[PDB]
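# Overview (structure and organization)
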Amino acid sequence: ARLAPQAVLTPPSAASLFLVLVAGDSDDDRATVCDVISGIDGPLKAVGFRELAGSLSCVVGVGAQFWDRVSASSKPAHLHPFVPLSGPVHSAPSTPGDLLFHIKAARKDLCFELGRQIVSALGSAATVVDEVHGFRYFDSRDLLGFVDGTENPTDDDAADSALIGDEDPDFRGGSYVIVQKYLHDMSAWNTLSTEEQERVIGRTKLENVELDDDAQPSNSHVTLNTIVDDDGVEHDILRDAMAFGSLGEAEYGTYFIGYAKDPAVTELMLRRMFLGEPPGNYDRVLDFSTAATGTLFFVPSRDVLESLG
Amino acid sequence: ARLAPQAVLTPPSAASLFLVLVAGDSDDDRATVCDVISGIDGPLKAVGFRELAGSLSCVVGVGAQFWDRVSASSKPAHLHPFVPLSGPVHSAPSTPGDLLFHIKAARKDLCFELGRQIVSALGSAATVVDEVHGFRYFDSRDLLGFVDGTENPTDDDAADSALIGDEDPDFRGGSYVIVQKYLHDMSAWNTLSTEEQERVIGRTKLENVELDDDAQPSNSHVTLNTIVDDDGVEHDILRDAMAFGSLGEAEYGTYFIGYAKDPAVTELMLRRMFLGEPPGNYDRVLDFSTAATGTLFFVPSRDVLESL
Amino acid sequence: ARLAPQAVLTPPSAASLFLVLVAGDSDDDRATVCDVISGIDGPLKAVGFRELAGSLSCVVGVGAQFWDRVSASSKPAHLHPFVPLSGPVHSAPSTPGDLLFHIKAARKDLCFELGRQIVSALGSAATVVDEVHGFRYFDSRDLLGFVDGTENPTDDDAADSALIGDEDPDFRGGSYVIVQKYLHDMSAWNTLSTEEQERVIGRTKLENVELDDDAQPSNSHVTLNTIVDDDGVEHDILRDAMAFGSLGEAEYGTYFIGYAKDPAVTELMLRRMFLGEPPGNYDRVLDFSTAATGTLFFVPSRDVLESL
Amino acid sequence: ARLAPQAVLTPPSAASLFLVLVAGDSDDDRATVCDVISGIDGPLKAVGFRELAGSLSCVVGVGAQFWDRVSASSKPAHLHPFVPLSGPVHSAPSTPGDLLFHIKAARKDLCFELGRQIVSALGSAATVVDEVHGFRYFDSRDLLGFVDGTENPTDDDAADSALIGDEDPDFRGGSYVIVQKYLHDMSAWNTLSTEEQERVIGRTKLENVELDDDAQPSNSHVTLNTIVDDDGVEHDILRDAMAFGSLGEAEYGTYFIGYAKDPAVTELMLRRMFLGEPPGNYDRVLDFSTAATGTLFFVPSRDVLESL
Amino acid sequence: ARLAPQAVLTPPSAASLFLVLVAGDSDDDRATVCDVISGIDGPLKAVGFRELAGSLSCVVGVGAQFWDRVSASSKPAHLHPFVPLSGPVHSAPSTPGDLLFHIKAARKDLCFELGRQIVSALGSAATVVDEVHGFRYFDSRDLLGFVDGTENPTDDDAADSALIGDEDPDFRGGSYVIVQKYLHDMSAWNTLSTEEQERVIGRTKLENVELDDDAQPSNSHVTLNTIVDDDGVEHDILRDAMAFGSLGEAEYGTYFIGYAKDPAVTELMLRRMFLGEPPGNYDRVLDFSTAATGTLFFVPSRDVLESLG
Amino acid sequence: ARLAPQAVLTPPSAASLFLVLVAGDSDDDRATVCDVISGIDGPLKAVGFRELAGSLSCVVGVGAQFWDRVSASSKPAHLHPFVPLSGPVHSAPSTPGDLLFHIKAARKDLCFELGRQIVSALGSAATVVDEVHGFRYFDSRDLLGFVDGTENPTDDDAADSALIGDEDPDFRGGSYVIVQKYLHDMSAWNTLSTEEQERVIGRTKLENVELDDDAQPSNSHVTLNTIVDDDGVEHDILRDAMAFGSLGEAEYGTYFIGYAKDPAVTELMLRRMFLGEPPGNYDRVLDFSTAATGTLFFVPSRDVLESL
Ligand code: HEM
Ligand code: HEM
Ligand code: HEM
Ligand code: HEM
Ligand SMILES: [Cl-]
Ligand SMILES: [Cl-]
Ligand SMILES: [Cl-]
Ligand SMILES: [Cl-]
Ligand SMILES: [Cl-]
Ligand SMILES: [Cl-]
């Protein structure tokens, strides 16, 4: 979907930029924000057209509090702030954000330049509260050393999982995206053997093969994020996580970003991860990963995004 | 769309070939030309399949006069010859062309080879009247130094803008294309400051950012090529312009090519460019660019092309 | 089109892996085979996702006889074992095969790794009877030195030619695939002149141009594999042939693979090739190429494959 | 030069990592740091070998103070700490750093990974004092929008400019490097016209062509960084500058890094930049750029590095 | 040899530009020309640095008449105008040229931009008399359909063949380059069978294999351009020919360019091609190829080029 | 470094072809072999030149015994047939081979085509006894899942380790190469834990980091293949190992190839591996890998090879 905003279905990229901003309180601030996001195709082409391949994309997400400031009477069915979770030792905090820009390209400069134009257009009307520069790490691995994104649905299944349909016609083609910036305890994770790490995740480390049924822990990342309803129907999300870090501050991170037609699915995966199935049987990845942020956004389709204001 | 003729919606390429031809007067010339263009998928695949990536595309256009020679019975709603324009300072001539081949690939050799095969097959039945070898120039710029193509519609908008639909269902999937070969007066262009050039185009130069509303001159290229109907709906065209030139003949050019499901959109941009809006307030780009050609073609869909 | 099994319509790749297997007569064997192939998206993603470009693909084919062991209640309209041919000079053997894995990627390692994992997951439940490592050879050529695959249908044409439609609705989106592992007599082919070789194939060698109608032998590979029915309508297959070989065993092969919504088209092609049209007037390609295998498979759509 | 430490003459890369560290006071810290930097080819190959292309490079610099702790006996002729400069308007501070790792690759992940391994291995024996992740910006530009590196010497000139030779034969193959992290005042820079910016730099912006002699201001960046001795011989440095930034902290930067067989050349450029030539006639680039750091390191050859 | 002028030894490229110019008669004209060519590293880096790969190169050649206008007292041993040849049916004309720029890059825009800057710097001081935009054609083929450049010497042998040595110390590292723009009669060549074409050339068409000794005509392109002196020592040249053409004017061409430490070798190859060995036994490639130009230039080393003026 | 035979110092490639041949006992056979290998630059250029990047390379090795048939008068100091080994558990067989063709390129087709032409030109004069198609496997790994080739010497180090120097001046620029076609016991290797596998090799698996001195087994592949002499001086080989395999025959191999200025280094390595150091303390890699071949060749410099 060459240089069109709200391309939720783009395949993974070598570079990404995640920007989370909070909008100013004023009416001027609300109008500027609208002007910028509803015309986001402008900066997108202004930057992206300069690369022959046209790899640049930009998905705009809008938070529930900000949505109600600008579209009080028409609201997608499931738009609400991120639901925080507190387990006994691990928590998913709910942190501020009115705007998400999830920007991807084959090159860093393209992501940076678009972020630069976007921030410049907003000026005093919004403030950056989180900024993460994602990068591909070897053969699609995360900093834990496992291939990250394998079972993502693709093509038609990606459309089915991620994009609003007949259930909420007024917002068909939109999505719900959740972000969490995770920081890893690399030391503690390195004290585990590969075989233990594989039990935490649910897949072999180097070869990225799913552990067979009878060796697959009930509390593995894979088991707990498998969602089958009563009718036996599987429910998937579309993820685009990326490595990030700072060697001097000792930050080694995974930026989780996940898209769903109904955030209930993502919310339940999180509930299973943090609170367990059965209760207390939680995701051990969280012994090595601590979420510093948690924000939910509505991803309007292009048509709805262009109308804002 | 891999190796299919009439792929109007292909993205930009590193290389392109623009071939404009006039057909012979004889009934035999007509039949040769029709045999070649109707089976154009042959040469297209014969050359194109040789590249793993399959970047080669070929769009065939037919002029109004030639169309009448081969399909006197049914005509696309808007097919007519290019309309010359005489402005207060500059003019867009209408020049001959029965056939357009708009060829694009990742490599010069594929364009050249497809051109070679096509010309060879047409033999004496046609004559090359204009030929330009277009090339990507740095980060999608033209020789004026500005990023050229930025606001092209893409994907669905591109299809809505360029392809014939329900309004002329007999020729669904076709398009209308207009070409003009422009030559620039480079030294005159260089006497302008960058800011002056920016005001002429409507966008910042290096950074390719549209001037804000209150800094946008009323006669800027962008302003005059903005087409908004009475219901407030914008109407866009799809452009595939490329740089070309010859250093010995001091030729520095932009080959303009624009596709639209209704050429009146393109034509109205041209009128607003050459005559001005309001009249007299014409596009300053034309102070540094002179069109040496001007031709309109109908772009039949594959089905229609294949039956000519 | 990324990392989805049963993607028949994928473009040419630089590397290929063709695996043909026979299943165990057992019931655990039938079950292991079913678990592996119905969840083929697993290993495909497990390998493919490691490559940024996501070039890896995998079409699974099921032989007629093994299909019956696994879905007796329901069967595609035209599934059957490969019809062997015995003609004037040359013969097409019908050889054994229950499972086909047609694997393609931009890299060899991705092909091999996927293969490794499919083989490991089947364990004792199945046996490899034919393994071919296909490779791109220069500008899309076969080892006979001709560009191989040129007139393949593409895009919508390719879908219409290869994919089961309204005529068999329970299996919509599936296909029928025929493989044949050909080996060439290189020294004998090399005693031909280029012009003789062109006569055999139907196209010029370097330039890959189809011979003129008046110069085109009635027994050239091209004429014999051209299918026009009684209404004047053409019928096409989608092929993904690849070179392969071993230098010390002096094997130089074309691994033929072709997909159709209906095997009757491929089978007619094969008849015209081996039997001749008129009879005795057979495909001279067959004088320099000997089919060492011959097998038909049904390619289930992704839905049909996942429930099995 | 594939995967060899101290490859000063590597061409520009898409990505780089600049790590500046201070070592611990203890004798044990000294020994750990020396063990790590002397065996730096280990991590370099451990990461670098994983990329087919082998683009990864790593240049280790050592500060004057730390050098004295480990090789009290022999010193490179010109090793001393960075000299602060106080100009009439702007100043270049001298900031701490015992170790420099200048890491370059085609991919961020290789830089980051090499950095990770190096920091891990140094443990408590050192602290990261500055870290910047540099990146190529369009067609070799810096964030001021100018092509940055144009006149770098290359090949033999590069080796003559950057590498220690007969003048200090004990440290042949070494170099001296100076780093300064500059932050820009982007909005101030943008109040200038393109022509003004061109006069500040000494080159046209889009086209990267040096201003002719009579249009070149006496205080242009290019003019002040031209070093010609009394015999008329120019003395050049080798720069590997990269863009960096943070959009949230409104940081837009150029990380300057310059290698020379004699840092007095670099230092004299700095003096002429910060104090002016004649005094007071300083580099206007410094009106829009502020150096947050300033540090000098000796770059030992592989032999010397390996014996530390 | 990244972005350095006079890089004679560069491997073949996807695009090339050959520019041949004649210098104006005046002293101002001579000085401008000198200023431009002696500072040619300026435009080279100005353009070439913008491509990360640094593929751009520029070799400057100077004709004998122009050399004597500017360096009257120091002259390379073998610098003279191109020696014309007239066979009974085919001739190698000697055509004007004081300056050659042989420019190569991985992209057209880079060649074009450098040519543009070079021509701009010369203004009225010189006139373009020939301009050819070369391009790679498939797998290193020429428009005759044969792989063109196969037997070129490489690495050390390339240096030995192409570059002035101890024989002429004052100009060590310089070269002598000859150009001829050939246009083909494609029709007449297409009337030959592949096997005949192979006999003309000396190599198989598709596979590019040298014809064995006993099937190799005495008048093949390969036989006639094989140069063995009396001592049995082989003498090679370094060629960088490229396809070019214009579909509308029906031009299909090969731009021959060949470098040698002593143009005597190139001259003898030409003499053999045009006049035959034995006499009359000429190169049949010339039945299908007609030279429209013929010019010889001296290629100074970087040091000598920088000194001019 | 382009298209010159006997280029030992070439970096890793995506594809590989290893050909080992035995010569005919005849005199025509000896002569045909000599014509083909002394003019090996012919076919190398014939194939290589077709690829813009010029990645194709070809090292020719001559076995000790065939060398004697062809240049009895003159012999390299350390030429001899492969010394076989019989150790506590595992044995390295000395197998037949007169000619080695070590071929590398960015593409398979280039490898195969070069091979095809070398084989065709030798005809009946020689016979292929071992053919291996090597491939790059993910991030420079072998099929044991470890990064293979990491500590290879590079640039000047690589030249000093691999190329005959002042110590044998008549053969300066030549090398000695040992090949061994290893096959792996995959299921047995997979019963090991990652940490056990790391103990066997000497390096961490995913991260490819060399184990700390205190954690490093005395029988790890790394320690056993580390050569330090009595003066404290290290001696290294240059390896170009590649993966290879066949799925249906369940072969999963590492094709070992190593070059040295002196085979004594490689031979010591092989002794420490098979016999153990102290004796019995052998390379555990050998528990999961079995050498199916074992052959030494002299790699003549280009001069020496061309006169033969
Ligand atoms: C530190 C943060 C995380 C890390 C390192 C991580 C890592 C991984 C890895 C290595 C896999 C296996 C390959 C694959 O993607 O299929 C995986 C799977 C998955 N993860 Fe995460 N993940 C993280 C956070 C999350 C969160 C917060 C969620 C849910 C909101 C989530 C949902 C999933 C899902 C749905 C799968 C696919 C499971 C399946 O059906 O096989 N992940 N993750
Ligand atoms: C000398 C020939 C021309 C040059 C050098 C030129 C250059 C440019 C440039 C630099 C832009 C801004 C970037 C972009 O959005 O593409 C532009 C925009 C545009 N031009 Fe042209 N142009 C030329 C002729 C024409 C002609 C003849 C037409 C109409 C027939 C045309 C129609 C347009 C349109 C529709 C836009 C997009 C306006 C918008 O909606 O923002 N151009 N052109
Ligand atoms: C804010 C930091 C700086 C910026 C943005 C900057 C930018 C530039 C630009 C655009 C050029 C022209 C292109 C080129 O030839 O590279 C240039 C040239 C140059 N700069 Fe800088 N520069 C910076 C700092 C420095 C410093 C600190 C030094 C010396 C220590 C320096 C030394 C040079 C030199 C030697 C040249 C080439 C001059 C010539 O011979 O033409 N620069 N710089
Ligand atoms: C229409 C013009 C020409 C064409 C089409 C042409 C074509 C070819 C071809 C296809 C080859 C075989 C591959 C190879 O390069 O090794 C070749 C070889 C060669 N050509 Fe040309 N050539 C042309 C002009 C010239 C001229 C004018 C000269 C001499 C001044 C020349 C000198 C050579 C040489 C030295 C070889 C290598 C012979 C050997 O040692 O094998 N060529 N040429
Ligand atoms: Cl960024
Ligand atoms: Cl062209
Ligand atoms: Cl494979
Ligand atoms: Cl980094
Ligand atoms: Cl050009
Ligand atoms: Cl091979």
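Residues numbered from 1 in each chain as written, not as in the entry; some residues may be left out. Chains lettered and ligands numbered in written order. Heavy atoms only, no water.

For this entry, the PDB record names X-ray crystallography as the structure determination method and reports a resolution of 2.400 Å.

## A look at the coordination of the iron atom of ligand 1
In plain terms, the rule: Donor selection uses N, O and S atoms within 2.8 Å of the metal (3.2 Å for Na, K and Ca). Since no water is included, sites may look incomplete. Put simply, DSSP marks the helices as runs of H or I at least four residues long and the strands as runs of E at least two long, and each gets a number from the N terminus on.
For the iron atom of ligand 1, the sole protein-derived donor is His-221 of chain A (NE2), lying 2.1 Å away. By the element assignment, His-221 of chain A lies in helix α8 (residues 221–224).

## Focus on the environment of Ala-106 of chain C
All names here are of chain C. Note the following rule: The contact criterion used is simple: two residues touch if any of their non-hydrogen atoms lie within 4.5 Å.
With respect to the helices, strands and loops of the structure, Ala-106 is situated in the loop between β5 (99–105) and α4 (108–122). A sequence separation of 138 residues divides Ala-106 from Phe-244, and the C-alpha atoms of the two residues are 16 Å apart. Residues in contact with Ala-106, not counting those within four places in the same chain, are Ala-14, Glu-51 and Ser-55.

## Focus on the arrangement of the chains
The least C-alpha distance between chain C and chain D, which are not in contact, is 13 Å. Nowhere do chain A and chain E come into contact; their C-alpha atoms are at least 13 Å apart.

## A look at the pattern of salt bridges
Threshold: Salt bridge, as applied in this entry: a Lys or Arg side-chain nitrogen positioned within 4 Å of an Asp or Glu carboxyl oxygen. Exposure is judged per residue with a 1.4 Å probe applied to protein chains only, and the accessible area is read against the type maximum: over 50% gives exposed, under 20% gives buried, and values in between give partly exposed.
The tally for this structure, following the rule as stated, stands at 72 salt bridges over all chains. In this structure, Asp-287 of chain B engages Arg-284 of chain B in a salt bridge whose closest nitrogen and oxygen atoms are separated by 2.5 Å. For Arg-284 of chain B, a relative accessible area of 34% corresponds to the partly exposed category. One salt bridge in this structure joins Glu-207 of chain E and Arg-116 of chain F, with 2.8 Å as the shortest N-O distance. Placement of the pair is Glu-207 of chain E in the loop between α7 (194–201) and α8 (221–224) and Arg-116 of chain F in helix α4 (residues 108–122), with the two residues belonging to separate chains. For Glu-207 of chain E, a relative accessible area of 24% corresponds to the partly exposed category. Salt bridges sharing partners connect three or more residues here, namely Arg-50 of chain A together with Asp-139 and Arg-141 of chain B.

## Topic: the interface of chain A and chain D
For clarity, the threshold we go by: Two parts lose some accessible area (1.4 Å probe) when they are put together, and adding that loss for both gives the buried area. Whenever two N or O atoms come within 3.5 Å, that pair is a polar contact, provided that in protein one can donate a hydrogen and the other can accept it, and provided that, for residues adjacent in sequence, both atoms are side-chain atoms. Here the nonpolar group is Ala, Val, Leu, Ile, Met, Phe, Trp, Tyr, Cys and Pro; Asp, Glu, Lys and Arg are the charged ones; every other residue, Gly included, is treated as polar.
Counting residues at the interface gives 29 residues for chain A and 28 residues for chain D. Summed over both sides, the interface between chain A and chain D buries roughly 2400 Å², with carbon and sulfur atoms accounting for 66% of that surface. Inspection of the region where chain A meets chain D yields 0 salt bridges. Between the two partners, chain A and chain D, sit 12 residue pairs in polar contact. Going through the elements one at a time, β1 (15–23), α4 (108–122), β6 (126–135), β9 (242–246) and β10 (251–260) of chain A are the ones with two or more residues in the side of chain A that touches chain D. Looking at the side of chain A that touches chain D, the element that brings in the most residues is α4 of chain A, giving 8 residues. Residues of the side of chain A that touches chain D, tallied by class, amount to 14 nonpolar, 5 polar and 10 charged.

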